[PDB]
Amino acid sequence: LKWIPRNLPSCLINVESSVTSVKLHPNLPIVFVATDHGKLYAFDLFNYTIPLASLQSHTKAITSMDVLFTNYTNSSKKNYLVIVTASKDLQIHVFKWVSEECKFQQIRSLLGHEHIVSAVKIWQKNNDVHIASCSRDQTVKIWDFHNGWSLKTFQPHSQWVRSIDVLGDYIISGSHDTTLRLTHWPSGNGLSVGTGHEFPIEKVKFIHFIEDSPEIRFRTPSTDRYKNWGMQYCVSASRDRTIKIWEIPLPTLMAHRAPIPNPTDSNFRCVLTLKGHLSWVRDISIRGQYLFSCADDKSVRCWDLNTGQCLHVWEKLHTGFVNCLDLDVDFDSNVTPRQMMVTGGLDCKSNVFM
Amino acid sequence: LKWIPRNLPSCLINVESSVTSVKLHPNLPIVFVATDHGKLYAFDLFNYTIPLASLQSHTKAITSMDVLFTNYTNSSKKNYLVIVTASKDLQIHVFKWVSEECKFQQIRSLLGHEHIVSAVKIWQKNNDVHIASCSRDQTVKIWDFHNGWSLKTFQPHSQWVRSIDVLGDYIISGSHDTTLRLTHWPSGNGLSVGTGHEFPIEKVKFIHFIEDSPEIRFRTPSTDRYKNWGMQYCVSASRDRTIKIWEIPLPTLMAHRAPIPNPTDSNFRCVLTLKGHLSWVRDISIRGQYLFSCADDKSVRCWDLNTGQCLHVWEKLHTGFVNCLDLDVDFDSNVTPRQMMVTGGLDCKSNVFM
Amino acid sequence: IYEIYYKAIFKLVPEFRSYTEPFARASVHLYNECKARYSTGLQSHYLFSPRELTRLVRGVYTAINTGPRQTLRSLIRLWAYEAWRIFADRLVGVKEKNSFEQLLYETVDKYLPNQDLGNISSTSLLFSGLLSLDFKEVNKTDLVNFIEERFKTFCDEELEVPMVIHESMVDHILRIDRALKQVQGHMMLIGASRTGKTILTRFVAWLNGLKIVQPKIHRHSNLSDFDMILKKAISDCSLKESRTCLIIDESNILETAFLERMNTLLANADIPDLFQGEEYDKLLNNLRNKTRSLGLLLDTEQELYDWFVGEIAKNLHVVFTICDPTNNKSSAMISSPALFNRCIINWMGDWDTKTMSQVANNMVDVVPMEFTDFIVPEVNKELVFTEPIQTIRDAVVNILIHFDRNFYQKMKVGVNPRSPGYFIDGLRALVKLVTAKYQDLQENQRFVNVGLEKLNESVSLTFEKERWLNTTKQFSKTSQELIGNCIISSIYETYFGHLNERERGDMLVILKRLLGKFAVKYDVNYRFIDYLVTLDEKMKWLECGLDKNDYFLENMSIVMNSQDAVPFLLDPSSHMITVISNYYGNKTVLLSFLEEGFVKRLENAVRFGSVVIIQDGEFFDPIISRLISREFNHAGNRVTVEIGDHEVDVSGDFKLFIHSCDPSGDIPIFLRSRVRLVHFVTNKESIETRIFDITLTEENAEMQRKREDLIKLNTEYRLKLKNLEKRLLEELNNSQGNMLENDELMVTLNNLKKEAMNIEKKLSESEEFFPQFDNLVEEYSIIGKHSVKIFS
């Protein structure tokens, strides 16, 4: 389908200060507004101003948030009941969502990163047992979600790590060194290195249930079926003022494990480069046929992933940096609820589109 | 939209002394409690009971609080960081509310009334160029809002002017002289004077977005196209132990510009008299179908505006006299959280109903 | 020649080719007009070289490379905006610039009269400082605000500074950005140090990610260490193939030989001996590996080394900053036309009064200058050249306009380059207090709010009402003069404690009668040296012998306990050697920050605890390194980024200031200008007092110390009243006139009946001792005054 989360803020949200990330609860039409207060707010998309939850606890600010979407029923059972966030206070804050439509209690507070934790991604692949995290320490860590343990640490980056994802048995991360690096969650064996940017990595993201992106760019580019079934896509928006559609199947961290190891461990693949505009991209939504991004320039953009053509620019949705978007995942039965985008930014506002 | 701001004190606000006026923030999940310390207290409607922003500046007692709400956008952008109060110590204070959810610093003292200032409103109507206020000195004053400059003074009431409203060009006021008044500010041409109370006026309120109220009761019996736009309605409750619904330009305080136009300076146009509770009325508030009022007998009544039938009584709001109540209005998209009545009184508390 | 330059341009934008030659002649005419009108005999910066015409074109031509289409107005916008961007910005004299604007204006009337001079030659507007040129423009005041927004992406232990970009400063910023675009964008910043300048070069380094290269050396070391730095810096340029950005403070020139190494670098992008012989060869080995990495044939030694200097050139962009050197280079280090015609020199110095209206504008917008019953603070005289003051922020604006204007001129301490970041430091001190003392005003009402929280219902008020009420209303009585006292402290924070009497007097003396015409109240004791220090603390200093008779040493009770920039603690007099070591006394030295850094000769000497400055006689070269001049301000390389605080963890009490005994001590020039010069001008009262101290050994020296202890003794009873407020917190709301029906009354004020007497006890003892001690010191003035004359 063509997802059209447009119209014009069905709900205008005036926030105490700025917003860093707004994402939808796995099952309910409520979102969690991650602010710089650091307060996490529970928010029914069809109501305002909601005092349901003003979860002050992120001592400094909310830098990361995950588990608001789920891909596996037995873990889902707890995922709709939990969330993993992280702050500038070096803690990875794991909470328990309850039937009250909010994170009633805290489950875990993880510490080991010393310079600011920049991003956390949960190993849903491990039934919500392992947690991937990264930070300004140039370091990537694995934690035990259900026990609060530091399970495994890796050193990939040369610079302060900016973003993170989970894919295969390896941990995806991007940083200020402009290079993406991916190491094996159990050993350090790599699954990607990307020297595909001039400037630092700002946003990474694995393809989901949307073969439309493969229809547009079948990958791998060399023998797609080599790993078409294993399409471990990723993307990497960066300070190049681009949104590059990436791939870890053939810029794999095989450190020349033959001579030129296929074409892995080099100048990163770059499936499709969406040349951006005059500012830095803050968020994206890989729709499949389309991509919905936003940037410091106050704009939200509809991109046609068929060559990466910005179909429409909405520079007036915010009056400050657009910090975040959340066009809810493809999912029939809730097409209108999924064709709904929430956003937040520098201007202390947040908006609900559809 | 319908509403149920009932149940029982969902939040019990704890103030060191008596509560005098409570102002819900229109867009944030917080509430401002004016007291007789004179101390304002922001309270967090989720994280309660917490005195989010205890504010000291008034040496005697705070009688009024405004600027959380507005009539002009560009100035309101600048005034969302502003809160304006009135006081028994003659202080009408302008507070620069800071994004930290606290009135960090005052930016203008508003002086002029030599006697207890019991109400202040701001003429946001002129691109927020002016300020309305009234007091025990039988006088109404206008300040240049942007500079705090007493630009216009009026003589309306013969007694303590208890309350004042902003109607663009007109000034609603009530007082101890049992005679409800209104003034055409641009010329100082009284637009009302109605001696309809037996006992001293305690509380008045300008008709807002409730033109369905005319379908319930309306004077003169017909023809709202004559001048409803100039025949500004209000409610005036008093020590009569009744609540009177009013139209006050029918009994205009004008220098009889023909004979007596309508009942100008004559038979006071009390639209509807309510009788239920047993004492001097301290507050009123029209939600639309219903009017929630309070009195010295501690009994709040959800008056069905349609002829005046109390739906429900809240003798349980406070153990002291109920000084005020604050109905949050439901609007499309922003509906469920608006099911709320925050009250306050002599028992030093401010209870939140929902 | 320039007809060729411009007819080329009008083949590129032939739609308005009709300008061609007269356009070229407008360029050359204005040039010769200004060359003749402003010769080098006026000043060297009026050296109108024919390559200034090429420079003029560089802005014009590179703009048409971005331009979408030309119009005659766009064309003259480009040219005449560029003309003052080049031909006027390259100059200093403002009246010469006014005539320039008219020479420009008239030049257009002479050759290109058809276009809009009114909105172009007469105003310093910028071509979209944050967008691609394209003959597009953006309001530069708005650009300042847009920068505020945009630098939030660099607001991370990088910028984060409470200072304002002057609208002339943003003109300077864009010019800097242009210089950054320039290959080998070498610069020379002339003017106010570390105040929208040195700070600004750091800003653009943070905003653009530029490698500030520093000469991390010491006078003990020599050119050899510079050579090392140059080897690793040039390795970054040519071997790592990365863009560097050498930042030079004129005090970095170790020696002429070093400068000569630099001169050849400037001439041939290389350094003799340093990158010759084996260094040449090892570079060729590394370089060919880098051109091999590039897949190029440049490996060939000659091409390789040419690549070395070519890669370097792309990666140099040396930004030099400067305050007039005393080594004859006050006439510019760039004495030669060879450097003059190649280095981008910013003749800034000071800023306009009009500019100060905009500086102050934003400076009063960024911080909460407004108050309650405070109406306005200026009584003296002068709202001239400005708008009549309607409120407090307006006052600061008017003040700044005439204040910075004359604070400072009168050539004693460099009449042409004043530093507004000091008025910002003064204002920043006003901000420290506009917040803190304002908050104290809320706390003040809170003091009586709290008292009120349990009056009526639980009191039998005597003194408590007197105190409660008097202070309750004194909060409004003090509604003017609080600022007046604060202003004076900011004057001293601005320049009284740094700038010499005449350069200072330019505003200071006249400020006493020319602050403005709109309220304030000064309040007799508005004295800076008392205003910012707690009496208990001041006594900790006086009890330790503080030379209070020297105004600027009495000041140390504040500065040592609250000083941002290093104070010049000159001690041949050993006034503060005596006092600092006494104040220190039983206190421990330095400790929070604990890592030894790079200067263990000092860190081993100071890392123990509470009080310390770089101690008695510890002169720069022997103790303080140039590494410290950097790390002193901040140091995330030792205070790990893991903490998050990249500033070195050093408090004021143990902040490493220097007890130099050399009046012309080795303070790095920017720090020499950014220093609280502490004056040890042993005042006549200090002369006779030090002599008193000698003569006090006759019998009663200890009496001096005893009274100071006793002054502090008087402060013991603040809690006899403050505890009442604490004990008057809860029962007001039960006030029914039954205050005598319970012991909530007596539990607080029956105690006061005796606590009030306690207030009198040790307090009065101190006072009984006071005159007794005074009579044992003053008696030596019979010869103390003689020693004053003897000292003269």
# chains A, B, ... in the order shown; residues from 1 in each chain; ligands from 1
call {"tool": "calpha_fit_and_write", "arguments": {"fixed": "chain A", "moving": "chain B", "output": "compact mmCIF listing (two decimals) with C-alpha atoms, in the first residue's frame"}}
result
# COMPACT_ATOMS: atom_id res chain seq x y z
CA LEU B 1 -1.97 -1.61 1.29
CA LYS B 2 -1.27 2.09 0.77
CA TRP B 3 -0.69 4.92 3.18
CA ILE B 4 -1.30 8.61 3.82
CA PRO B 5 0.38 9.64 7.17
CA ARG B 6 0.21 13.28 6.13
CA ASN B 7 -2.24 16.18 6.51
CA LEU B 8 -1.01 18.20 9.50
CA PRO B 9 -0.39 17.64 13.29
CA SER B 10 -3.71 15.95 14.04
CA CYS B 11 -2.38 15.86 17.58
CA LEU B 12 0.07 18.29 19.06
CA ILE B 13 1.90 16.67 21.91
CA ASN B 14 3.16 19.08 24.51
CA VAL B 15 6.37 18.13 26.29
CA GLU B 16 8.02 20.37 28.90
CA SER B 17 11.45 20.21 27.13
CA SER B 18 12.83 18.74 23.89
CA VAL B 19 11.54 15.48 22.43
CA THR B 20 14.19 12.93 21.56
CA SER B 21 12.38 9.76 20.49
CA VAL B 22 8.79 8.77 19.94
CA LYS B 23 7.54 5.19 20.13
CA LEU B 24 3.97 4.35 19.13
CA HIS B 25 2.52 1.47 21.04
CA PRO B 26 1.99 -1.40 18.49
CA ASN B 27 -1.36 -2.45 19.84
CA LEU B 28 -2.71 0.30 22.11
CA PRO B 29 -3.93 3.77 20.88
CA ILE B 30 -1.19 5.54 22.84
CA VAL B 31 2.29 6.83 22.16
CA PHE B 32 5.43 6.99 24.23
CA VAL B 33 7.44 10.16 24.03
CA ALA B 34 11.06 10.07 25.13
CA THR B 35 12.50 13.39 26.09
CA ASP B 36 15.65 15.01 27.33
CA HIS B 37 14.35 15.58 30.86
CA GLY B 38 14.80 12.48 30.90
CA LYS B 39 11.07 11.87 31.09
CA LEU B 40 8.90 9.45 29.23
CA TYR B 41 5.42 10.52 28.45
CA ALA B 42 2.74 8.20 27.39
CA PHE B 43 0.12 10.21 25.51
CA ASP B 44 -3.43 9.16 24.71
CA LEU B 45 -3.97 9.30 20.92
CA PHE B 46 -7.70 9.93 21.38
CA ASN B 47 -7.93 11.90 24.58
CA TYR B 48 -5.31 14.41 23.60
CA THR B 49 -3.31 16.26 24.48
CA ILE B 50 -2.93 14.37 27.74
CA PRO B 51 0.45 13.24 29.25
CA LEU B 52 -1.04 9.90 30.22
CA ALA B 53 2.11 8.72 31.90
CA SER B 54 4.77 11.22 32.78
CA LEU B 55 7.78 9.18 33.92
CA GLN B 56 10.80 10.27 35.86
CA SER B 57 13.95 8.18 36.34
CA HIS B 58 16.61 9.52 33.97
CA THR B 59 18.54 12.37 35.50
CA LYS B 60 19.96 13.59 32.20
CA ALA B 61 18.19 12.68 28.95
CA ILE B 62 16.56 9.74 27.20
CA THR B 63 18.12 8.72 23.90
CA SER B 64 16.34 5.45 23.10
CA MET B 65 13.24 3.42 23.90
CA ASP B 66 12.24 -0.18 23.08
CA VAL B 67 10.40 -3.42 24.20
CA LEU B 68 6.98 -2.21 23.09
CA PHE B 69 7.68 -4.47 20.07
CA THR B 70 9.23 -8.00 20.08
CA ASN B 71 10.76 -11.07 18.40
CA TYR B 72 9.44 -13.74 20.84
CA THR B 73 5.91 -14.29 22.16
CA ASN B 74 6.17 -15.88 25.62
CA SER B 75 8.73 -13.39 26.75
CA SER B 76 6.81 -10.58 25.06
CA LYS B 77 3.77 -11.52 27.11
CA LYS B 78 5.95 -10.79 30.11
CA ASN B 79 7.65 -7.88 28.32
CA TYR B 80 4.48 -6.11 27.24
CA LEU B 81 4.63 -4.89 30.81
CA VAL B 82 8.23 -3.79 30.17
CA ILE B 83 9.78 -0.73 28.50
CA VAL B 84 13.52 -0.29 27.98
CA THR B 85 15.36 2.99 27.49
CA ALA B 86 18.87 4.34 27.01
CA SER B 87 20.38 7.60 28.19
CA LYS B 88 23.10 10.25 28.30
CA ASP B 89 23.47 9.56 32.03
CA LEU B 90 24.59 6.01 31.10
CA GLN B 91 21.30 4.67 32.23
CA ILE B 92 19.64 2.04 30.21
CA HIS B 93 16.44 1.53 32.17
CA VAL B 94 14.00 -1.35 32.31
CA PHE B 95 10.53 -0.10 33.28
CA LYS B 96 7.75 -2.32 34.37
CA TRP B 97 4.96 -0.76 32.40
CA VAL B 98 1.73 -1.28 34.22
CA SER B 99 -1.71 -1.97 32.67
CA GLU B 100 -2.74 1.45 34.05
CA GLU B 101 -0.81 2.87 31.03
CA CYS B 102 2.09 4.04 33.07
CA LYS B 103 5.67 2.96 33.67
CA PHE B 104 4.99 2.51 37.36
CA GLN B 105 8.13 0.77 38.40
CA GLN B 106 11.57 0.01 37.16
CA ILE B 107 12.76 -3.53 37.50
CA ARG B 108 16.29 -3.36 36.18
CA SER B 109 19.02 -0.81 35.54
CA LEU B 110 21.31 -1.74 32.69
CA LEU B 111 24.82 -0.40 33.06
CA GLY B 112 28.09 -1.00 31.28
CA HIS B 113 28.66 1.74 28.76
CA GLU B 114 30.86 4.37 30.36
CA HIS B 115 29.84 6.98 27.78
CA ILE B 116 26.49 8.39 26.56
CA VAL B 117 24.34 5.52 25.54
CA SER B 118 22.64 6.55 22.39
CA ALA B 119 20.76 3.36 21.54
CA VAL B 120 19.33 0.18 23.08
CA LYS B 121 17.62 -2.79 21.46
CA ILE B 122 16.67 -6.15 22.96
CA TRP B 123 17.64 -9.59 21.63
CA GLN B 124 14.10 -10.95 21.88
CA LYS B 125 15.52 -13.24 19.17
CA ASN B 126 16.94 -15.57 21.82
CA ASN B 127 13.67 -16.03 23.67
CA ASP B 128 14.59 -12.66 25.05
CA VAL B 129 17.68 -13.81 26.77
CA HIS B 130 19.84 -10.90 25.73
CA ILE B 131 20.06 -7.05 25.37
CA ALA B 132 21.79 -4.95 22.66
CA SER B 133 23.21 -1.50 23.29
CA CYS B 134 25.81 0.90 22.03
CA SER B 135 27.33 4.17 22.99
CA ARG B 136 29.87 6.94 22.67
CA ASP B 137 32.47 4.56 24.15
CA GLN B 138 33.08 2.98 20.68
CA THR B 139 31.66 -0.18 22.17
CA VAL B 140 28.70 -2.53 21.88
CA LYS B 141 27.40 -4.56 24.81
CA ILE B 142 25.17 -7.58 25.37
CA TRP B 143 23.26 -8.11 28.63
CA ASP B 144 21.43 -11.12 29.86
CA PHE B 145 17.96 -9.62 29.53
CA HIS B 146 16.41 -11.84 32.12
CA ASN B 147 18.96 -10.75 34.71
CA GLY B 148 20.49 -7.52 33.32
CA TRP B 149 23.96 -9.07 33.03
CA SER B 150 26.51 -7.49 30.56
CA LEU B 151 27.42 -10.93 28.96
CA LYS B 152 29.28 -9.71 25.84
CA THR B 153 31.33 -6.67 24.80
CA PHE B 154 32.54 -5.68 21.31
CA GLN B 155 34.88 -3.22 19.73
CA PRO B 156 33.57 -2.11 16.33
CA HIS B 157 33.75 1.63 15.76
CA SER B 158 36.61 3.98 16.20
CA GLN B 159 34.16 6.75 17.18
CA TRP B 160 30.92 7.38 19.09
CA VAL B 161 28.62 4.49 18.24
CA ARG B 162 25.48 6.39 17.47
CA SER B 163 23.03 3.58 16.79
CA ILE B 164 22.55 -0.22 17.15
CA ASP B 165 20.25 -2.99 15.78
CA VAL B 166 19.15 -6.59 16.73
CA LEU B 167 19.61 -9.06 13.85
CA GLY B 168 19.50 -12.38 15.71
CA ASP B 169 23.21 -13.09 15.57
CA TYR B 170 24.31 -9.75 14.17
CA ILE B 171 24.78 -6.20 15.47
CA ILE B 172 24.28 -3.26 13.10
CA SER B 173 25.93 -0.18 14.27
CA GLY B 174 26.68 3.34 13.05
CA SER B 175 29.04 5.96 14.37
CA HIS B 176 30.88 9.16 14.07
CA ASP B 177 33.77 7.38 12.31
CA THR B 178 31.82 7.52 8.99
CA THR B 179 32.26 3.78 8.83
CA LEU B 180 29.17 1.62 9.03
CA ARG B 181 29.60 -1.65 10.88
CA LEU B 182 28.00 -5.03 11.82
CA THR B 183 29.11 -7.75 14.22
CA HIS B 184 28.56 -11.52 14.47
CA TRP B 185 27.76 -11.53 18.12
CA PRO B 186 28.06 -15.35 18.74
CA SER B 187 31.74 -15.18 17.79
CA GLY B 188 32.48 -11.45 17.84
CA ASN B 189 33.26 -11.77 14.15
CA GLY B 190 32.63 -8.43 12.54
CA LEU B 191 30.22 -8.85 9.67
CA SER B 192 30.66 -5.27 8.43
CA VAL B 193 32.82 -2.20 8.09
CA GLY B 194 32.11 0.33 5.31
CA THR B 195 33.69 3.80 5.20
CA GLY B 196 31.06 5.25 2.88
CA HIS B 197 30.32 8.47 4.60
CA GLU B 198 32.13 11.73 4.18
CA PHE B 199 30.87 12.97 7.51
CA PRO B 200 29.98 11.16 10.85
CA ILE B 201 27.09 8.63 10.80
CA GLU B 202 23.96 9.73 12.55
CA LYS B 203 21.27 7.16 11.87
CA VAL B 204 21.09 3.51 10.89
CA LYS B 205 18.20 1.07 10.26
CA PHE B 206 17.95 -2.71 9.70
CA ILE B 207 16.05 -3.98 6.66
CA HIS B 208 12.73 -5.35 7.79
CA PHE B 209 9.81 -6.92 5.90
CA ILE B 210 10.60 -5.02 2.70
CA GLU B 211 12.13 -7.54 0.31
CA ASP B 212 10.55 -5.53 -2.49
CA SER B 213 13.36 -3.03 -1.67
CA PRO B 214 15.72 -5.43 -3.59
CA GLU B 215 13.54 -4.85 -6.68
CA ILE B 216 14.37 -1.15 -6.35
CA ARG B 217 18.07 -1.40 -5.46
CA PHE B 218 20.15 -4.40 -4.50
CA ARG B 219 23.79 -5.23 -4.17
CA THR B 220 25.52 -7.12 -5.53
CA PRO B 221 23.41 -6.45 -8.72
CA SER B 222 21.99 -10.01 -8.62
CA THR B 223 21.87 -13.34 -6.81
CA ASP B 224 20.10 -12.61 -3.52
CA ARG B 225 20.09 -16.38 -3.00
CA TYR B 226 23.86 -16.19 -2.48
CA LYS B 227 23.47 -14.78 0.91
CA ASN B 228 20.77 -12.10 1.31
CA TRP B 229 19.96 -13.94 4.56
CA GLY B 230 23.49 -13.09 5.75
CA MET B 231 24.03 -10.00 3.56
CA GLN B 232 21.88 -7.98 5.86
CA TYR B 233 20.76 -4.61 4.59
CA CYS B 234 20.42 -1.40 6.39
CA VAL B 235 20.18 2.28 5.84
CA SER B 236 22.78 4.69 7.10
CA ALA B 237 22.10 8.35 7.06
CA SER B 238 24.64 10.87 8.16
CA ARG B 239 26.08 14.34 8.41
CA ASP B 240 26.74 14.01 4.64
CA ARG B 241 23.32 15.66 4.25
CA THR B 242 22.43 12.54 2.31
CA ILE B 243 20.80 9.28 3.20
CA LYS B 244 22.60 6.24 2.09
CA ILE B 245 20.98 2.86 1.54
CA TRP B 246 23.38 0.07 2.44
CA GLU B 247 24.40 -3.50 2.30
CA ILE B 248 26.97 -3.99 4.87
CA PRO B 249 28.15 -7.64 4.71
CA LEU B 250 29.44 -7.04 1.29
CA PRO B 251 32.06 -4.88 3.12
CA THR B 252 32.52 -7.38 5.95
CA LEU B 253 34.68 -6.67 9.11
CA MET B 254 36.00 -10.24 9.15
CA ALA B 255 39.53 -11.44 9.28
CA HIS B 256 39.61 -12.02 5.49
CA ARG B 257 38.68 -15.76 5.54
CA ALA B 258 39.92 -16.41 1.92
CA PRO B 259 40.91 -13.18 0.06
CA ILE B 260 38.42 -10.34 0.08
CA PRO B 261 34.96 -12.02 -0.04
CA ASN B 262 32.85 -9.62 -2.08
CA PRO B 263 34.23 -6.22 -0.98
CA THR B 264 35.07 -7.30 2.59
CA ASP B 265 36.74 -4.47 4.46
CA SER B 266 37.02 -2.67 1.09
CA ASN B 267 34.80 -0.53 -1.14
CA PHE B 268 31.82 0.31 1.00
CA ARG B 269 28.58 -0.93 -0.48
CA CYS B 270 26.33 2.04 -0.46
CA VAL B 271 23.29 0.76 -2.31
CA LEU B 272 21.70 4.18 -2.95
CA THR B 273 22.51 7.79 -2.04
CA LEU B 274 19.60 10.17 -1.45
CA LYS B 275 19.92 13.94 -1.79
CA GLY B 276 17.10 16.37 -1.17
CA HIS B 277 16.90 18.07 2.19
CA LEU B 278 19.66 20.37 3.29
CA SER B 279 21.18 19.02 6.45
CA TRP B 280 22.41 16.39 8.87
CA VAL B 281 19.98 13.50 8.94
CA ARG B 282 18.33 12.73 12.24
CA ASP B 283 15.89 9.97 11.30
CA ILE B 284 14.81 7.61 8.55
CA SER B 285 11.98 5.13 8.27
CA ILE B 286 11.06 2.77 5.48
CA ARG B 287 7.37 2.10 5.11
CA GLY B 288 8.15 0.10 1.96
CA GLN B 289 7.35 2.11 -1.13
CA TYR B 290 8.48 5.19 0.72
CA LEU B 291 11.19 6.17 3.26
CA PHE B 292 10.35 9.06 5.57
CA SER B 293 13.46 10.89 6.74
CA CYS B 294 14.19 13.99 8.78
CA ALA B 295 17.11 16.34 9.16
CA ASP B 296 18.38 19.47 10.91
CA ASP B 297 16.81 21.60 8.16
CA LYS B 298 13.43 20.56 9.69
CA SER B 299 12.24 19.05 6.37
CA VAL B 300 10.85 15.53 6.35
CA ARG B 301 10.82 13.82 3.04
CA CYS B 302 8.65 10.89 1.93
CA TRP B 303 11.32 9.40 -0.25
CA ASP B 304 10.02 7.16 -2.93
CA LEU B 305 12.29 4.25 -2.25
CA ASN B 306 12.12 3.54 -5.97
CA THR B 307 15.25 5.54 -6.95
CA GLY B 308 14.85 8.12 -4.15
CA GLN B 309 12.17 10.65 -5.08
CA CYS B 310 10.63 12.67 -2.29
CA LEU B 311 6.84 12.44 -2.57
CA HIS B 312 6.09 15.08 0.00
CA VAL B 313 7.92 17.47 2.26
CA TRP B 314 6.97 18.23 5.86
CA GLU B 315 8.90 21.36 6.73
CA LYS B 316 5.86 22.05 8.91
CA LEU B 317 6.36 19.15 11.32
CA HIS B 318 8.26 21.15 13.90
CA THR B 319 9.56 24.63 14.50
CA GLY B 320 12.74 23.17 15.98
CA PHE B 321 14.85 20.45 14.42
CA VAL B 322 12.94 17.32 13.72
CA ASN B 323 14.61 14.67 15.83
CA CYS B 324 12.41 11.76 14.89
CA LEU B 325 9.40 10.31 13.16
CA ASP B 326 7.43 7.12 13.69
CA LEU B 327 5.61 5.43 10.85
CA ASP B 328 2.85 3.10 11.83
CA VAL B 329 2.81 0.12 9.40
CA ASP B 330 -0.44 -1.08 7.77
CA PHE B 331 -1.22 -4.77 8.11
CA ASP B 332 -4.25 -6.77 7.01
CA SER B 333 -7.28 -6.21 9.35
CA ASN B 334 -5.27 -3.59 11.29
CA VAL B 335 -5.01 -0.96 8.47
CA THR B 336 -6.63 2.53 8.67
CA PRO B 337 -5.30 3.65 12.14
CA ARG B 338 -1.85 2.81 10.81
CA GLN B 339 -2.01 5.80 8.42
CA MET B 340 0.18 7.71 10.83
CA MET B 341 3.53 9.39 11.34
CA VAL B 342 4.28 10.66 14.81
CA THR B 343 7.18 13.05 14.84
CA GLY B 344 9.11 14.92 17.51
CA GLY B 345 11.83 17.53 17.89
CA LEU B 346 13.59 20.48 19.55
CA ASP B 347 10.44 22.56 19.81
CA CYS B 348 9.29 20.34 22.69
CA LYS B 349 6.47 18.92 20.69
CA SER B 350 5.54 15.65 19.10
CA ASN B 351 3.17 16.05 16.23
CA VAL B 352 0.90 13.30 14.93
CA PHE B 353 0.38 13.14 11.18
CA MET B 354 -2.44 11.32 9.45
call {"tool": "interface_residues", "arguments": {"of": "chain C", "to": "chain A", "cutoff": "12 Å", "atoms": "only C-alpha atoms", "output": "PyMOL selection string"}}
result
chain C and resi 130-132+146+148-153+156+208-209+242+636+639-646
call {"tool": "residues_around", "arguments": {"residues": "stretch 467-472 of chain C", "least_positions_apart": "3", "cutoff": "8 Å", "atoms": "only C-alpha atoms", "output": "ChimeraX atom specification"}}
result
/B:59 /C:444-445,448,451,463-464,475-476
call {"tool": "select_by_dssp", "arguments": {"residues": "stretch 46-144 of chain A", "states": "helix (DSSP H, G or I)", "output": "PyMOL selection string"}}
result
chain A and resi 73-79+124-126
call {"tool": "atom_distance", "arguments": {"atom1": "atom CA of residue C:637", "atom2": "atom CA of residue C:596"}}
result
11.4 Å
call {"tool": "closest_residue", "arguments": {"among": "C:650, C:511, C:488, C:678", "to": "residue C:408", "atoms": "only C-alpha atoms"}}
result
C:511
call {"tool": "residues_around", "arguments": {"residues": "stretch 729-732 of chain C", "least_positions_apart": "2", "cutoff": "6 Å", "atoms": "only C-alpha atoms", "output": "JSON, numbers by chain"}}
result
{"C": [450, 453, 454, 455, 457, 726, 727, 734, 735]}
call {"tool": "residues_around", "arguments": {"residues": "residue C:36", "least_positions_apart": "2", "cutoff": "12 Å", "atoms": "only C-alpha atoms", "output": "VMD selection string"}}
result
chain C and resid 28 to 34 38 to 42 46 to 49 100 103
